[PDB]
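S.K.:
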Amino acid sequence: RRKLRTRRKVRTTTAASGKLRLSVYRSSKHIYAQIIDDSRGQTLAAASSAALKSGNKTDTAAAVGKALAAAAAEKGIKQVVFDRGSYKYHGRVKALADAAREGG
Amino acid sequence: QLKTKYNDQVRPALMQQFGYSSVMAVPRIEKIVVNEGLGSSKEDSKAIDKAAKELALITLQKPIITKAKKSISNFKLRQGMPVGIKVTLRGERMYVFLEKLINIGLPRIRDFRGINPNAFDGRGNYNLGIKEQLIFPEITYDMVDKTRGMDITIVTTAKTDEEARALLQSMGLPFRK
Amino acid sequence: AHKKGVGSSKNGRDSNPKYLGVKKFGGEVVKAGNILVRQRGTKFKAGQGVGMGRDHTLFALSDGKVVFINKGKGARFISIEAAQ
Amino acid sequence: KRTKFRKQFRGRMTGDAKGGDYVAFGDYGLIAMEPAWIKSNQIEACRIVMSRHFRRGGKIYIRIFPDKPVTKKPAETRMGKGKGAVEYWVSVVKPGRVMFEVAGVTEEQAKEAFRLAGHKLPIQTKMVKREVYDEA
Amino acid sequence: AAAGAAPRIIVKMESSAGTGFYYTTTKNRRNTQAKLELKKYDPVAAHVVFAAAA
RNA sequence: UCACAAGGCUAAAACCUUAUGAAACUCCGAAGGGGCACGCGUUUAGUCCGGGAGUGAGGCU
RNA sequence: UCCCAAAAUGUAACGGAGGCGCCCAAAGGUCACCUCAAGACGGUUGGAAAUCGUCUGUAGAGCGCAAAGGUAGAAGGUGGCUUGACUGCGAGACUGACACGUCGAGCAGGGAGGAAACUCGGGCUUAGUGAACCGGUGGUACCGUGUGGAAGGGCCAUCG
Ligand SMILES: [Mg+2]
Ligand SMILES: [Mg+2]
Ligand SMILES: [Mg+2]
Ligand SMILES: [Mg+2]
Ligand SMILES: [Mg+2]
Ligand SMILES: [Mg+2]
Ligand SMILES: [Mg+2]
Ligand SMILES: [Mg+2]
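Chains as they are written, first to last, in the working numbering: chain B, 1 to 104; chain A, 105 to 281; chain F, 282 to 365; chain Z, 366 to 501; chain E, 502 to 555.
(1) Quick one: what does DSSP say residue 195 of chain A is sitting in, helix, strand or coil?
(2) May I ask you to report which of helix, strand or coil DSSP gives residue 533 of chain E?
(3) For chain F, check one thing: does any of its Cβ atoms lie closer than 8 Å to the Cβ of residue 446 of chain Z?
(4) Does the contact criterion of 3 or more C-beta pairs under 8 Å hold for the region 444-452 of chain Z versus the region 419-432 of chain Z?
(5) With DSSP as the reference, identify every bridge partner of residue 163 of chain A, one or two as the case may be.
(6) Using a Cβ cut-off of 8 Å, pull out every chain F residue sitting near residue 441 of chain Z, in sequence order please.
(7) In the region 117-150 of chain A, which residue ranges form an unbroken beta strand (DSSP E) of at least 3 residues, counting only runs that do not cross its ends?
(8) Excluding the 5 residues flanking residue 351 of chain F on each side, which residues of the same chain have their C-beta closer than 6 Å to its C-beta?
(9) Which word fits residue 260 of chain A, buried or exposed, when buried means at least 16 other C-beta atoms lie within 10 angstroms of its C-beta?
(10) In chain order, what residues of the same chain lie with their CB nearer than 8 Å to the CB of residue 316 of chain F, ignoring the 5 residues before and after it?
(11) Kindly indicate which residue of Z:412, Z:389, Z:378, Z:366 has the alpha-carbon position closest to the one of residue 501 of chain Z.
(12) Could you check if residue 487 of chain E is buried or exposed, using at least 16 other CB atoms within 10 Å of its CB as the buried criterion?
(13) Could you pull out every residue in the same chain whose Cβ sits closer than 6 Å to the Cβ of residue 218 of chain A, ignoring the five residues on either side in sequence?
(14) Hey, is the region 520-534 of chain E in contact with the region 409-421 of chain Z, meaning 3+ C-beta pairs nearer than 8 Å?
(15) Count Cβ pairs between the region 229-238 of chain A and the region 117-125 of chain A that sit closer than 8 Å; are there 3 or more?
(16) Identify whether residue 319 of chain F lies in helix, strand or coil by the three-state DSSP scheme.
(17) Let me make sure I understand the geometry here. Which of F:319, F:297, F:318, F:361 has the alpha-carbon closest to that of residue 343 of chain F?
(18) Nearest by alpha-carbon distance to residue 8 of chain B: which of B:18, B:99, B:82, B:77 is it?
(19) Please look up how many angstroms separate the CB atoms of residue 202 of chain A and residue 107 of chain A, rounded, as I've assumed it's under 8 Å.
(20) List, in chain order, every chain Z residue whose beta-carbon is nearer than 7 Å to that of residue 288 of chain F.
(21) Is the CB-CB distance between residue 44 of chain B and residue 65 of chain B below 8 Å?
(22) State buried or exposed for residue 301 of chain F, treating a residue as buried only when at least 16 other CB atoms are found within 10 Å of its CB.
(23) Skipping 5 residues on each side, what residues in its chain have a beta carbon closer than 6 Å to that of residue 161 of chain A?
(24) Report all residues from its chain with a CB closer than 8 Å to the CB of residue 311 of chain F; omit the five preceding and five following residues, and keep chain order.
(25) Can you list, in chain order, the residues of its chain with a C-beta nearer than 6 Å to that of residue 495 of chain Z? Leave out the 5 residues immediately preceding and following it.
(26) By the three-class DSSP mapping on this structure, what secondary structure does residue 332 of chain F have?
(27) Closer than 7 Å by C-beta to residue 72 of chain B: which residues in its own chain qualify, once you throw out the five before and the five after it? Chain order, please.
(28) Do the region 213-227 of chain A and the region 262-269 of chain A make contact, defined as three or more Cβ pairs closer than 8 Å?
(29) Just to confirm, is the Cβ distance from residue 546 of chain E to residue 518 of chain E under 8 Å?
(30) Expressed to the nearest angstrom, what Euclidean distance is found between the alpha-carbon atoms of residue 86 of chain B and residue 38 of chain B?
(31) Please list the terminal residues of the continuous alpha helix (DSSP H) segment that includes residue 65 of chain B.
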């Protein structure tokens, strides 16, 4: 049910790992990939898609994953830890990954 | 297959009979669900070979072996053993197997003026399991051993029981009178 | 006559003490390696700074000071925070 | 009287009586004054006593109940080798706590049936009538 | 251990290396009935794979 | 959780009103008790290293 | 293990209950995924209990065995790959008269699962144990008596 999301949410040992949380919302056809210091209740990146995506749907992945990692490299935020929620990591969000996994 | 468009003959058959606000707000039918529960006594490799062939030829779908819920009553029971077989049929193959019923299962029934029209799932859904196996388009005595029986439970997103009643009936179902 | 009994006993058994309870309390310092709590289960939950051996012992990952919190009755952690 | 199944064994302690010091079930009610113990037969006593007096038959409420296993070692052994087998059963009646409620008879029947009842017990006692109204 | 015990017999794991080495543990013998193949370290090099020696 | 006083009600088990007992029950839960700190205010002891021991049957409110 | 034990650890009794001397090659490491006991209605064998279905459903279950503490964001249930049930160590503490015993970050060599951050030097934990001595065995080349060899002995391992 919720279970999976809160499961990964805690296997992101909130702040104690030191690094930066990396959200997603690939459950709609509007996503939301985010960047959090989670300790400080703030968000530091933000690659939306609702202000015009491109035209693609799940090809959009690598793209907002390149836009995010771009806004990151700009901010200075140079290190990853990949949150999700109800997501398998395999296809769409996996693209977002690969092109964030080298995209910032 | 066509029973799809038949569902769609029902969609405003009741959207124009009732007075609903919408077309998705009218009872669909998630899954048909078949339970081949031999069990309690029957503990032979052959009757599950048989229940397997049977289920997999009649509904063209692999059967899942439901085991003993660790229920080990005074009689013959234990822990890890097949006491019920299951095949969930939904959407496409649901509509196909249900049509296999109303077309080539319901008349084939030896002695049959319709089935139980008393209020089933008080939430407004349905069940209906039925004995006999020798009333079939697939289950042949020339392809089996002795006689068995099925137990079926159809789920309908009805709010109350009259609405499921109506649904099931306008869909092609005899309610004995 | 007098008494012959004959009864015995079948109990009179116990196990040598397991020194449980919270060892390092709340508001005192610590060193790294120092154990802060012994327990049977998760009577006290690993907080931010603290680790949990197989026993569910709570040990300190680095020095500083000890911080207890019960979460409104039934869920509870100890954490560490330095001297700055 | 006795109970059905349990733990087996016990101990003892005192300090005043919890509840229920109030006159439910009946109009008239008899109330302990001493931190006694009370036994199966000690109460079956008053059962049969009052149940003599009321005839056919009243309405009789035994507000107490034996749950305590009391032991005695086998007579004549030096201590050790065990705890005593269960001799008898005990209701640990503390003071102000009310033991008997009856009605379905009059004032005289309460006075007397309670008099005869209380002449069977290790305690001074006071009988009374309702008004204890925290919860009926 | 307890001598006349037939299940969970204590037998050692000799390296395929020949280093001159052996580990020591316990199979249920209501299990393997043939031998045992495990992948432990080996000081006299690095990573051998061991046969459950007699 | 085991126990158990009356009554409801059904086919009794549950469950409702009324009701109570518990070392191995606990929605709750003090007074005290202990660790750490401070010494904000008094007082004297403490701790380590090395020599010599004795005691290891206790008794009463 | 649980009361007794007087809200800190501790504490006797021929006081009050009960359990261990194993088990696990997967029941461990990792990775991923699933959620429980029951009651009501309704359903072929059945029909108290089997199987399926729905509404309820924070624990009223489950954890190999004893109970207490613990647990649903899993320790519970299912699969993929797997040999961290690993040598060389040990910051710092729990505990004990001693001897023991208990937890452990982190470092190295070298691995395992993840895509990763990671996690692992056995299992939810607390029982599943026997100090020396003498001897068996697999390494090891420290000792070996005028000398170089071998007996024998030492060290690591380990078995009774
Ligand atoms: Mg309240
Ligand atoms: Mg002595
Ligand atoms: Mg003394
Ligand atoms: Mg005390
Ligand atoms: Mg003493
Ligand atoms: Mg000797
Ligand atoms: Mg040798
Ligand atoms: Mg030699």
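Just so you know, even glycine gets a beta-carbon here, dropped at the ideal spot from N, CA and C.
M.R.: If we stick to the structure as given:
(1) helix
(2) coil
(3) Taking a beta-carbon distance threshold of 8 Å, residue 446 of chain Z counts as an interface residue toward chain F.
(4) In short, these stretches do not touch, since the Cβ pair count stays below three.
(5) Answer is none; residue 163 of chain A lacks a bridge partner.
(6) 283, 284
(7) 138-140
(8) Closer than 6 Å at the Cβ level, and outside the excluded window around residue 351 of chain F, lie 357.
(9) Looking at its Cβ environment, which holds 16 or more other Cβ atoms inside 10 Å, residue 260 of chain A is buried.
(10) 304, 305, 338, 339, 340, 341
(11) Z:389
(12) No statement about residue 487 of chain E is possible, as the shown extent of chain E runs from 502 to 555 and does not include it.
(13) So the list reads 278, 279, 280, once near-sequence residues are dropped.
(14) no
(15) no
(16) In the structure shown, residue 319 of chain F sits in a strand (DSSP, three-state: E or B).
(17) F:361
(18) B:82
(19) 7 Å
(20) 446, 447
(21) no
(22) With fewer than 16 other beta carbons inside 10 angstroms of its own, residue 301 of chain F counts as exposed.
(23) 242
(24) Correct list, in chain order: 305, 317, 341, 344, 345, 346, 347, 361.
(25) 388
(26) strand
(27) 35, 45, 104
(28) yes
(29) yes
(30) Going by the C-alpha atoms only, they are around 19 Å apart.
(31) 60-75
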